[PDB]
> 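Quick one: the structure is below, and I'll ask about it shortly.
Start at 1 and go down the list; that is how both ligands and their atoms are numbered. Throughout, residue positions are numbered sequentially from 1 according to the sequence presented. All heavy atoms count here, side chains included; hydrogens, waters and symmetry mates do not.
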Amino acid sequence: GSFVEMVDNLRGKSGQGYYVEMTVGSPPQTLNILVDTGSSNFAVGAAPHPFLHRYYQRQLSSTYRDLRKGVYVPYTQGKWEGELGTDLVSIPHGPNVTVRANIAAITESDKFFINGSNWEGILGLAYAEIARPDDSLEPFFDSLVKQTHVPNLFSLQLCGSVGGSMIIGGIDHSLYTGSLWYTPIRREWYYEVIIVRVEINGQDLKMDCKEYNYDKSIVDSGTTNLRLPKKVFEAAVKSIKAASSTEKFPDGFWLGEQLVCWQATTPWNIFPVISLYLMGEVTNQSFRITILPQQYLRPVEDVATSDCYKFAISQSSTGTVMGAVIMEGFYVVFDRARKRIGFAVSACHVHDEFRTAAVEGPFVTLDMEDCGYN
Ligand SMILES: NC1=N[C@@]2(c3cc(NC(=O)c4ccc(Br)cn4)ccc3F)OCC[C@H]2CS1
């Protein structure tokens, strides 16, 4: 019921995302559902795709209502297609409630499900504006807040076989150390934020800060990498290269086109910290989040032809995406009631004896509004 009963309600595997158990229909059908703050549709497998463990069978549900409307969602790395309806939805290890939510019954997809994963649909937690087919399709969390007395916020602790917590309706103070710092949500569509400054190992990148948000910056648990606009990526790598001079590496590595390996002997110490300064709550005030190489150098456990690592910072043409690389350092509070997102040092982030992930402030930063793109 309460927040204790929600601790540790997330599961997954490295590179396959975090999922929460949900029930849909009556009687309740159990599905595992990818937690995605980067989209706004609740969409589940509804047909026996050979790689799904379980799927939504509408014919078995007494409370199912056909909306007599289809939906077609292409995106860069894939597509799904489905039939809109509504049904009763519960979260067993969430608040003690049942709600009537929109469901897209997925009937055809390409490169949407992961071969080998233990989830079979997606929970988009972002805002109606980016819901398919349009913002009249009320996102799940909107329905949850409207139909109940669950407070309008949730928080995510992503750890990594991975685990974590999704606290629906509140904050659990044991999941973080130090204090929460809040950045405003710039516009309620994605969880858009504004980055005001970037440092590699204390050294500023000294770019026009608008480049950091071209054409936007988002917090997205449905993306693995920290993704950076192309110009920003170029400068960051050039600067990460300079700082990690001790060893040299091929161009293909930085591009995520090869891995690089060490004996059972990783010198994380040879790699720099990365700091993002975010717009703060108050005029001219910012704060910074700092991640370790333990967040951006990801063990590739599946290398059959060989301890290898993927460089998990990549180029974007869609703006900055603070994906799992960022969120695994932090307890992240999606404070929808106050249009703000909070960051605190996660009690489960992977670090060593030399260095920690950090959230520090306040700092004084001028023209922070100028960093947003229009
Ligand atoms: N936010 C995102 N949403 C998606 C989307 C995301 C995912 N995510 C993952 O598989 C995933 C997450 C975390 C880790 Br760690 C590893 N993998 C799977 C299918 C999707 F369709 O939906 C609409 C846009 C699309 C791309 S961007």
> Below the 3.5 angstrom mark, is there an N/O of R298, backbone or side chain, next to an N/O of ligand 1?
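No, there is no polar N/O contact under 3.5 Å.
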
> Can you find an N/O atom of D220 closer than 3.5 Å to an N/O atom of ligand 1?
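Looking only at distances, the answer is yes, because the N/O contact criterion of under 3.5 Å is met.
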
> Can you pull the salt bridge (charged side-chain N to carboxylate O under 4.0 Å, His left out) pairs that have at least one residue in residues 27-52, sequence neighbours excluded?
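Listed once each, the pairs would be none.
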
> As an exercise, identify every atom of ligand 1 less than 4.0 angstrom from a heavy atom of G15.
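The list of qualifying atoms is 16 (C), 17 (N).
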
> As an exercise, identify every atom of ligand 1 less than 4.0 angstrom from a heavy atom of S221.
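Those of ligand 1 that fall under 4.0 Å from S221 are 12 (C), 13 (C).
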
> State whether a side-chain donor-acceptor pair under 3.5 Å links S117 with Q16.
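No, no side-chain donor-acceptor pair sits under 3.5 Å.
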
> Establish, for the pair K79 and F112, whether the NZ or CZ atom is under 6.0 angstrom from the six-membered ring centre and no further than 45 degrees off its axis.
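The answer is no; the distance or angle limit is not met.
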
> Strictly by modelled atom types, are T23 and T30 linked by a side-chain donor-acceptor pair under 3.5 Å?
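No, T30 and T23 have no side-chain donor paired with an acceptor closer than 3.5 Å.
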
> Side chains of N118 and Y19: do they bring a donor and an acceptor to under 3.5 Å?
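Their side chains do contain a donor-acceptor pair, which is all the 3.5 Å distance test asks for.
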
> Near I114, which atoms of ligand 1 are under 4.0 Å from a heavy atom of that residue?
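In order of number, 10 (O).
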
> Flag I122 as yes when one of its N or O atoms lies below 3.5 Å from any N or O atom of ligand 1, and as no otherwise.
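No.
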
> Evaluating non-hydrogen atoms only, which member of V325, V162, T37, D36 is closest to atom 2 (C) of ligand 1?
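Nearest option to atom 2 (C) of ligand 1, by heavy atoms: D36.
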
> What part of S14, side chain, backbone, both or neither, has a heavy atom within less than 4.0 angstrom of ligand 1?
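Neither part.
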
> Side chain to side chain donor-acceptor pair (under 3.5 Å): which pairs involve residues 323-337, sequence neighbours left out?
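Found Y18-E328, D142-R336, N152-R336, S155-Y331, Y191-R336, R298-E328, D335-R340.
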
> Give me the ring orientation class for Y309 and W268: parallel if the planes are under 30° apart, tilted from 30 to 60°, perpendicular past 60°.
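Answer is perpendicular, since the angle exceeds 60°.
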
> Which ligand 1 atoms are under 4.0 Å away from a heavy-atom of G38?
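In order of number, 1 (N).
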
> Should the proximity of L34 to ligand 1, defined as any heavy atom under 4.0 Å, be assigned to the side chain, the backbone, both, or neither?
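Within the 4.0 Å criterion, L34 contacts ligand 1 through side-chain atoms alone.
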
